[PDB]
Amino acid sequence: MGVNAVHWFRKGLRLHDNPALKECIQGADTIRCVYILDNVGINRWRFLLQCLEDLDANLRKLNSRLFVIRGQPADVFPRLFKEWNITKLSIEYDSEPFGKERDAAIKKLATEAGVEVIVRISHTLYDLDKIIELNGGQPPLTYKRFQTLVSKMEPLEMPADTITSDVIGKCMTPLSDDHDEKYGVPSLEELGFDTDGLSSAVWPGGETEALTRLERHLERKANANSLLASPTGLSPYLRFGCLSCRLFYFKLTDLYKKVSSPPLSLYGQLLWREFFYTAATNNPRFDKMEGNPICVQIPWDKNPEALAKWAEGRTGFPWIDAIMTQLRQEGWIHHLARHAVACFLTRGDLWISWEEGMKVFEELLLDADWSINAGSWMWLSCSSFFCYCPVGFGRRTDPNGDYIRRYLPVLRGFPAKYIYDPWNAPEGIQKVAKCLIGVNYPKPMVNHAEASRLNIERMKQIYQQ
């Protein structure tokens, strides 16, 4: 009896600009926010778990708690509907095809149980289906066309009001005394992860951290060092929904006017994100080659041993290996570093499928969703949307090689003259550095000049086809 509401957290792990949760509370006697735990690496799971602990803490401020439940949503929700006597369920819209299919299945389960479902857009700046409509029923496959469509859209509506005590009103959350025992956020070890020797996260999760960084980021806006994680970086918080894209949009617009009509390059980060979400939303095989209508079909090498050396940073190229080590250790690498390793794996040196690189980035990268990961890997491998040197790229960006020394400590003894090509160092240099190439650090896995010359010919064959 009564109006009992559940808001389902997946993305949008925040209380600000949360229109679905705002609407779910309206007219509700009770409210319960739930997160349901279904390649994913340990840095992704730690960021998520920290996101849920920050949500729980913020909900405690409102005399509520987060409910964490393990299971598959299709089995879990029929039980919750009855146990809690639910009449309304709310979600932030998910544009990605697998999320679409999951949410369509839950909507059917909810309707059959008599539960009304509130769906609101708030993970993207725009209604992706409306952009596709203005473009004639197909997503744009060029960024400039996307810019044209966006510039004709209506102005962005204001972000939804933050969930506070005034919004909650008389709505309450029923809680047992053993809430943590049944619904608490688990630790990594409670999920069976090996955390031995794990250091403190370079990217701590949560809306609180995201809003702290947003304020520091904007105050700052008002190279070798670029390779390292910035304390005001926002990319993972946008992927998990800790930071609203619309709030970030409006704060940037507000800053720009304080210091007219801003160029759309002002929103370059947000717009590239929307582009890939829009391209992917109606393409269930967007993350594949075969069966993907927009993906060029290319005969990639099948080489699991070469793939493993790339994935684990054992290529013998310190520039490539340091990037993949920072990626694995911390979960974020510079955009141009993503270019560098993606080129090395696919069209550049190894000629391995972009699907394999995408799968590694899905496990390790914090800030790249399914759509953005698939679209970027297709783009950089010349597979859709119409060769870096693994020595010179790093040497030009960081001549002293401090980046290599930070993430490949075994190379720390090498001078800047050989830090990016240690195989060229004389034996005496290697001995004083206590690192014999081919013993303490591997030899380069390919001759870059020979491999790149071959692959360049292969793709020219593809594109003359």
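Throughout, we count residues from 1 along the sequence that is shown. What we label the rigid core is the largest C-alpha set whose atoms superpose within 1.5 Å from one form to the other.
Using the rigid core as the fitting frame, the root mean square C-alpha deviation in 9 other deposited structures of this protein is greater for 175-183 than for the other of 234-242 and 175-183. In summary, of the stretches 14-22 and 447-455, 447-455 shows the greater Cα distance from the shown form in 9 other deposited structures of this protein, with structures fitted on the rigid core. Where the other entries of this protein model the residues before and after it, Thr111 is kept in all of them rather than dropped from a third. The records show that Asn58 is included in the coordinate set of every other eligible entry of this protein, so it is not omitted in a third of them.
Counting the unmodelled positions of the deposited sequence between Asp38 and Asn39 gives a gap of 4 to 9 residues.
Coordinates are given for every residue of the deposited sequence from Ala308 through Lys309, so that no gap is recorded there. In this entry, 242-250 shows the higher mean Cα temperature factor of the pair 242-250 and 85-93.
For the segment pair 456-464 and 4-12, the entry gives 456-464 the higher mean B-factor, averaged over Cα atoms. Note on the listed residues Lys170, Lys107, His334, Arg120: the highest Cα temperature factor in the record is that of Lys170. As recorded in the entry, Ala222 carries the highest CA temperature factor of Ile320, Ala222, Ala374, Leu364.
In this PDB entry, the Cα temperature factor of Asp369 sits in the middle third of its chain's modelled residues. Among the modelled residues of its chain, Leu21 has a C-alpha B-factor that falls in the lowest third, as given in the PDB entry. Compared with the other modelled residues of the chain, the Cα B-factor recorded for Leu234 ranks in the lowest third. Remark: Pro78 belongs to the middle third of its chain, ranked by C-alpha B-factor as recorded. Ranked within its chain, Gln50 lands in the lowest third, by CA B factor from the PDB record.
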